[PDB]
Amino acid sequence: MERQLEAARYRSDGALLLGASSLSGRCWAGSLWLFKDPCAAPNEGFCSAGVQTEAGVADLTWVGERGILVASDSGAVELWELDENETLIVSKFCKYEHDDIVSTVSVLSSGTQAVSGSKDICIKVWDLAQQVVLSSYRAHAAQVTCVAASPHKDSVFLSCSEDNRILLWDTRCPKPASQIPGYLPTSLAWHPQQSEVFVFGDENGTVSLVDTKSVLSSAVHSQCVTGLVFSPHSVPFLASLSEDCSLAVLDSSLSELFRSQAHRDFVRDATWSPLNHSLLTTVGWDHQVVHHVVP
Amino acid sequence: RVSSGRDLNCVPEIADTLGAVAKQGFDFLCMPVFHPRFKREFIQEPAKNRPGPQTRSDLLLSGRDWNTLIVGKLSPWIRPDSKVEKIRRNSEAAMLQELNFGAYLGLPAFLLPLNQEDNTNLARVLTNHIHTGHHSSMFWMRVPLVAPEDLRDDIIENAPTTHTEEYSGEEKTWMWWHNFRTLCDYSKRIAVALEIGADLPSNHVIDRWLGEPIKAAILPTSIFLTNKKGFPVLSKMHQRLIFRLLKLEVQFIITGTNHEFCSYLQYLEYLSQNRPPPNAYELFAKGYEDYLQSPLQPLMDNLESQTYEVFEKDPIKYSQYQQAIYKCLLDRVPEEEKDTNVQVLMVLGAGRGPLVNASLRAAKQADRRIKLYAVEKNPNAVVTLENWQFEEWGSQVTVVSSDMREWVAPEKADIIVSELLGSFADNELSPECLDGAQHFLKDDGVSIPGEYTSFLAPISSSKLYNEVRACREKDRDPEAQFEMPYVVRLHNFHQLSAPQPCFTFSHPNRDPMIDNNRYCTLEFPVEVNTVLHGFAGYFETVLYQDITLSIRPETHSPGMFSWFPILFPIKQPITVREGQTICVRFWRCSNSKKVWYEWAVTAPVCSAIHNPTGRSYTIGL
Amino acid sequence: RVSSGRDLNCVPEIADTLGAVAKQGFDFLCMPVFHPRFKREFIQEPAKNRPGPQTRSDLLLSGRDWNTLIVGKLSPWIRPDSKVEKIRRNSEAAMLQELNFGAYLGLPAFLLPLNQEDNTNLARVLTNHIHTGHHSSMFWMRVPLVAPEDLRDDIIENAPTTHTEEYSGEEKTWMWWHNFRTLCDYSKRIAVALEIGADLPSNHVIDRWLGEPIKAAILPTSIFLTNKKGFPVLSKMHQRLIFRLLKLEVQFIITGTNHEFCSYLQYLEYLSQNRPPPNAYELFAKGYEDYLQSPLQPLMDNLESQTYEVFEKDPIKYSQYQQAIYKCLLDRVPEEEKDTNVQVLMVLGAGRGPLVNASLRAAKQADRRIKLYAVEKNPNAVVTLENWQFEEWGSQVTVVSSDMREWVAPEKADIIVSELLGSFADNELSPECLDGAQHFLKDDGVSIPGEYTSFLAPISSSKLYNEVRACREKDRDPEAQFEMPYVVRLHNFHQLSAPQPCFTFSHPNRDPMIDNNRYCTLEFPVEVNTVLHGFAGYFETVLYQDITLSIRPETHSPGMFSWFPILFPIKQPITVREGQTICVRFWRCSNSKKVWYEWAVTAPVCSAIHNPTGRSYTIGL
Amino acid sequence: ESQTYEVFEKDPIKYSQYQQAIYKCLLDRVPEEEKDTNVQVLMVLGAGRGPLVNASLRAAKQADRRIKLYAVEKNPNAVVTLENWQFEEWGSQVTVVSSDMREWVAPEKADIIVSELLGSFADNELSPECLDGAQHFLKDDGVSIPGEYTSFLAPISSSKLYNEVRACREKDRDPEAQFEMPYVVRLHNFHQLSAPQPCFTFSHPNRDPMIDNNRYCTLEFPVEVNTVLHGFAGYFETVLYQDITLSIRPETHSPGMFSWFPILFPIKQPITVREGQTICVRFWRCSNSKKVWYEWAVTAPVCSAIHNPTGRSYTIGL
Ligand SMILES: Nc1ncnc2c1ncn2[C@@H]1O[C@H](C[C@@H](N)CC[C@H](N)C(=O)O)[C@@H](O)[C@H]1O
Ligand SMILES: Nc1ncnc2c1ncn2[C@@H]1O[C@H](C[C@@H](N)CC[C@H](N)C(=O)O)[C@@H](O)[C@H]1O
Ligand SMILES: Nc1ncnc2c1ncn2[C@@H]1O[C@H](C[C@@H](N)CC[C@H](N)C(=O)O)[C@@H](O)[C@H]1O
Ligand SMILES: *c1cnn(CC(=O)Nc2ccc(C)c(S(N)(=O)=O)c2)c(=O)c1Cl
Ligand SMILES: *c1cnn(CC(=O)Nc2ccc(C)c(S(N)(=O)=O)c2)c(=O)c1Cl
Ligand SMILES: [Cl-]
Ligand SMILES: [Cl-]
Ligand SMILES: [Cl-]
Ligand SMILES: [Cl-]
Ligand SMILES: [Cl-]
């Protein structure tokens, strides 16, 4: 396995998906790993399934229970699917549509389509069954940092970029995007219940709560907010992770509940366990998989 | 041969990647020297103490491969002009680190982007790296013809794209470059990597880039259309731009994914194969493109043997002199007087004898009788003339080893033939020499040339400005290089206005007072925004009636390579806006020992008077 | 290949002569450019008005043939130093005329004789021609090893030849040259054409010519003896001199009548074929003969990847470090403690890792256990080290990215291994670096190297003096080039006295006060007349006990090309007579930021103190 | 030299302002009940020939508080003056230290550190680097006098000064190094084109994990007139203690204080500016372990070259 762990995502049953890259040394490749025993992660000998990808993993997501969609350094969006026994990760498609690194992927609410963003400044909507790009949108003016699909509206998604824009998308309109002059937006997360609410993180460590129809703000980190993940609870908590190497858990008013400085390098992803809702897993470039007991 | 490179942001294995790139037909590879996503901390703990290695080893390729096949790239997250202090400081440290690693590897070039208006701090960190050691490696500033904000799809309902015309706004990207290279003080090591898009801008936007140091053109795979056969091709509009870039001998860079690569390169090779071949002038001028030379002074200095041989290689110059002599003999001697009237011809500044031979061919063509005198001050050229006179010419030609202005002639001349012209007509002192030889021309006699006129045209050329500045030399004024003309085959430049006449001289000079001093004001309308770096000089001469010679580009004598244009530079570049008039003043000055030029720009802004009192440049009498 | 020319005073037809000369195997022809007997008048009538041509035409050969195959000769009657005013003035005019004709033809070289003591006016006319234009062509001063007055047969009864010994008088011909080139101010365009005679002078007379710009050796046909077979050959005494001239890569000139020419050339080719071939050092040094380089500063500057690769090409340096480490491990750990005692080894300035590998090979050779630390301040070299540590070394080696003097070590060292030496031992600041790393060496610990010593030797080299002077550059003191050392593969020079020790440093430095400043006076006996141009610097180091490294020529480590000598120049050349002592003073100076050297000659004449306060040269701490 | 310190000592305002700042600090640090038992350790850092040592003693007798004084001075020639004044007048109350602030190992921590290391651009004599190096021996609740200083810039027009800078070309150096260095000058024949604005600020003691004295500042100067820009005038303000300040900023200039004239940062080429246009200037404070320097560039209405890249024409030795 490669040192720089990039993604950590639990599926319904509780198996942990991991995405990794080697961002230094001789070979700059990547890998996907499935851990049915998450406490065994990141050990390679005690994993359920694993595969090496051609290039580094910039981002990934679960497509249902079997599929794994990947945002690659190569410019390809790749779909890998588990074996019938769930002991092999096998490629289904590797489509090279972006002209630069694919920095972010997000499965749309239907589970049949995906949005990818890139350094080539394009956003592409994909039909995952046909293995083709339905639409391509050059709305931003600089590299796309984050794309987040609406949890329940299949035609709706958010995107943010280095051009200092957060765009609300509705693919049913002729001009499908709309802007929502602060610091650059760097992370996005829709509220799991409030269909018109979302949070965003900025390059200056601030986390902000936004209402799409119509705000709340808090200085959470001392560096870029890399990710924002809501808990699976009735009234959710918000896991905030940064390049300052810390993890924070915030309440509905963005006030701090928990804080971990366990990681010795950048915290890359956070995932809440579906089994124990107070168990939050985080991965970082220090090759650590940390399991937090969140009050 | 078109020199092409592959641009990649993804290099899993360097050796496997470079081989595939070589197998596709590319001459070099642009790639990251650190992983583009591997962001680094230099101030804050614990990330600051990340265990290494920080990147892949220099040992993965040979020294020669790093030196010749690899163009380095700045990591995309490096933003020295970020508004967040922390990002700006890590980005300064990371930019120096990556640049120092490229220097360590001995890379021939490194790519840095200009993708926003404010790059002041990027320029400051680059300038400081350039002033650390003594290296020759190049920094290629990756700048698009069209800014990305002006290229985005009109799909944001509450932020529409500007639909009106912004003449200066459509060329905002040239100002991004102009400012960057002005802050870096025109470093010879900072050049342009022009990124071309699917939709080309207006012609004026492309025209800005005239006279700029373009070293590479980046062609994305998305700008290539597919023909019926299935091979990649470009629109006529893009082919036109590629042909202009091939004249500048840029390196082509293919970026983006394949939408079999050697195919895109074979298309570029076909375009390079299919274009006008080099003419007689362009074959002679090969190698001399923008090479600055000091104008020759045949009066003050004695020309070498190989300089005259180069003068003699021009077939057009002499056939034009022969024709002017031929016409003059027919008009001066009627058919009835043919065999009794012997016309006295004097070649003034005969060199090694090509105008003496042209005069004899003209006499046998005209079927008229001539007595020839070959006057030449260069004693070394007189050895050639006196040997040719013994072996071939005989008594028909009398060789005179003298200065035109001092010689006491045995009889008056009917015709005086001379070729004392420079690239600015009168800069080799043809007026002073011919005035001094005038008294021995008989009262109804003719001078060939009878007239000559010089022309000036304002130019923009950041390359030539920098080449002139490079001519600073010890033991002289630190700005004397900008106060003197250069003979140069002008190539990487922009002529900002049509050439206009400057000074004219007529021979023989029939005027009681003969003053060769001149003062001329020229008003040049410019229909574009630009930067003035100097004035190009050319000339026209009337040899006899309709027989002429010209290096004025609009009327250039075909196949004549005896004179390249002259460049009068300016110490400081002058900004000029579309619609403004460039006003220039030129003086021809002299004393009993020296002749010189002074010049000054008076509109849109004043310059200093260049070469006051001939302090930097004179032409010895 | 030996480059040879034919010298002739008789050329009836230039084309027929040049062809016969080429058919004989000669690369060029020295010939008169005007007929040697055709004496010319420039003042007095009627001879002043002699009808031309004055010589043969430039048109008889191509430009390339004049430029590459012809060496011009001054006419024998030209005597600018004649006591008759009329001869002196016609000779000045004729000399300028002939030289200007050679310039016109584009000749690569021109021969002028030094055949008497007073050539002041010849020098004045040459100097004035050299300051007329901007040319690269050479003037070869034809000077004999033995003056013709000292070579004449003792056959004049009332004027016998001096039978006694005149040490300074036997070398009068070198003074003829020395004075000529001093009046001409060491022009780069004035070189020597040494004329060799049948009877060679004493060795000291030949030795004068050491370090002089000899470009050609003229061998008369009369110095060749005939072997039994009938082929031409030379005495062992002349063969010896030819072998010394072949090291200087001079051009050979055959003069006089045939007493079949390609035979004399085949003899010279056989001598060139039969001589010691280039060794490992001489093959590496090929091209670098007398090339002046600035010494590297690895502390202040970060070395490039290809500099370390060049350091790594030296097989002797590392095998000597391995052996010193191997011996130290056996002496520090007895055979009974072998598998329990782990010696802490610290490579201080590890570069790309060759001393780390030598330490591991030494441990496996000694069969002892070691814990290694590789400390390196260059971050670019640390990328190499950290990749080699992951792929090969593992936990046995811990890489430290730090400055030796700032690093806080986790444990004390048993051995510290470094290679921080320059060509003058301590000029890369090995003393300051190792003093700063001393505290983390345990009380009984060893430093490899334990000691180093620098050496100086006075030198004579008019070529190097002129190469240093050529390094004047704008925006700095006009004599800063003479106040700084150069790394140079010294070739065309004369070592005037044996090298003597200058400064010594020992490691670890066990002294309450540690002062790296030094002051040294050296007295150099010279057994010859000469001109001092600078001092050559070398060094010796004791790595461990009897394991050493040396570039001192008398004890030079065989096949080690990591360091060329250093040259400390002097602003003004200093005359030294046989028996006189050259006294030199060297200072090693410093402050908290810079280290530098000052030097001064105090006998036989004082010089200025060179580099006061480090004004021209410092070594950054 | 001796006569430079004598000129520094001719300023009555500078020292009476330092005395008052010390006086206020002693009253705030030692309450009236502790008056005769609490001895405050005062350290004059860069004591020169002793005028701040005397101001500290006058402040202690004014405040009616007890002090232990240390006079640290690196100039050995100025130490001769201090050691003679200590024998003849001060006595054991003052201990003279012949040392560099940054190298000195103090016998005890300081309550107050008093320094006057400021230049005409505040930090151009390296007050930040010196005081950072003397910081460790200030006790955790200790005060630095000055506690703060700020520099200011203002664009100027002066064809006379442009010509005086150009006149400073000298042999054996870059032919334009004179335009890439600041000058102290009593600015007279000039036009201030816009109000002065703050450039760099430093605070003492510096309580921050990372201490970086490097700076980068962008200033936008609205000009309400047509003119030609020839350089920037530099001034400064310092907070000695609370409301006790010193200033050479023309709008708030301390009355009768002639210790500092303004500084001038020139530009190689004059820049035309029209009424309504904004002059945009960028200033950098740069350093390495041996030198500190400034770089500057005009970016609006026209770009200039970056002046003094890498300290090539001008450095301030550490
Ligand atoms: N005042 C003068 N008197 C005589 N010859 C002159 C004078 N000024 C220039 N010349 C010669 O005129 C020639 C000018 C050349 N540019 C032309 C060479 C020749 N007529 C040709 O066409 O090849 C040179 O050979 C000069 O040395
Ligand atoms: N004070 C220092 N601390 C750490 N490394 C240093 C120091 N001074 C010099 N060096 C390094 O020591 C090395 C000296 C080199 N001449 C030798 C390179 C290497 N040991 C070899 O033999 O190939 C360079 O790699 C320097 O960068
Ligand atoms: N790092 C340092 N350590 C000790 N003294 C210093 C240091 N830097 C500067 N100084 C001294 O501090 C003084 C600064 C002067 N501008 C002021 C002199 C004096 N305090 C007065 O007001 O008259 C000089 O006497 C310097 O030599
Ligand atoms: C690689 C290299 N070369 N070829 C041949 C190729 O691409 N030829 C080519 C290119 C462009 C055009 C327009 C045409 S044409 N004259 O047929 O129109 C042909 C390859 O095929 C590869 Cl894969
Ligand atoms: C022209 C060119 N070459 N040769 C051959 C020749 O001269 N060979 C030669 C030269 C010198 C010596 C000493 C000897 S040896 N080894 O036989 O002693 C041979 C010619 O004969 C001509 Cl004419
Ligand atoms: Cl430059
Ligand atoms: Cl001819
Ligand atoms: Cl010279
Ligand atoms: Cl190695
Ligand atoms: Cl005092």
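Whatever order the structure lists ligands and atoms in, that order sets their numbers, starting from 1. Letters A, B, ... are given to chains in the order of the sequence lines, protein chains preceding strands, and every chain is numbered from 1.
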Just jot down the ligand 5 atoms closer than 4.0 angstrom to any heavy atom of [X], in number order.
| X | result |
| --- | --- |
| C:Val233 | 13 (C) |
| C:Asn227 | 13 (C), 18 (O) |
| C:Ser263 | 1 (C), 2 (C), 7 (O), 22 (C) |

## Note on the structure
Distance col, row B:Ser447:OG vs B:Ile416:CD1, nearest 0.5 angstrom, shows 4.0 Å
Throw together a table of side-chain donor-acceptor distances under 3.5 angstrom for residues 356-364 of chain B, partners on residues two or more places apart or in other chains.
unit_1: B:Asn357; atom_1: OD1; unit_2: B:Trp393; atom_2: NE1; d: 2.9
unit_1: B:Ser359; atom_1: OG; unit_2: B:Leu355; atom_2: O; d: 2.9
unit_1: B:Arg361; atom_1: NE; unit_2: B:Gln322; atom_2: OE1; d: 2.9

### Message
Taking the side chain as everything from C-beta on, heavy atoms only, tell me whether C:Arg56 gets closer than 4.5 Å to C:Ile14.
### Response
yes
#### Entry: Salt bridge present between B:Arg352 and C:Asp58 (N-O < 4.0 angstrom)
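Salt bridge present between B:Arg352 and C:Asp58.
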### Query
Counting heavy atoms only, which part of C:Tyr270 comes closer than 4.0 Å to ligand 5: side chain, backbone, both or neither?
side chain
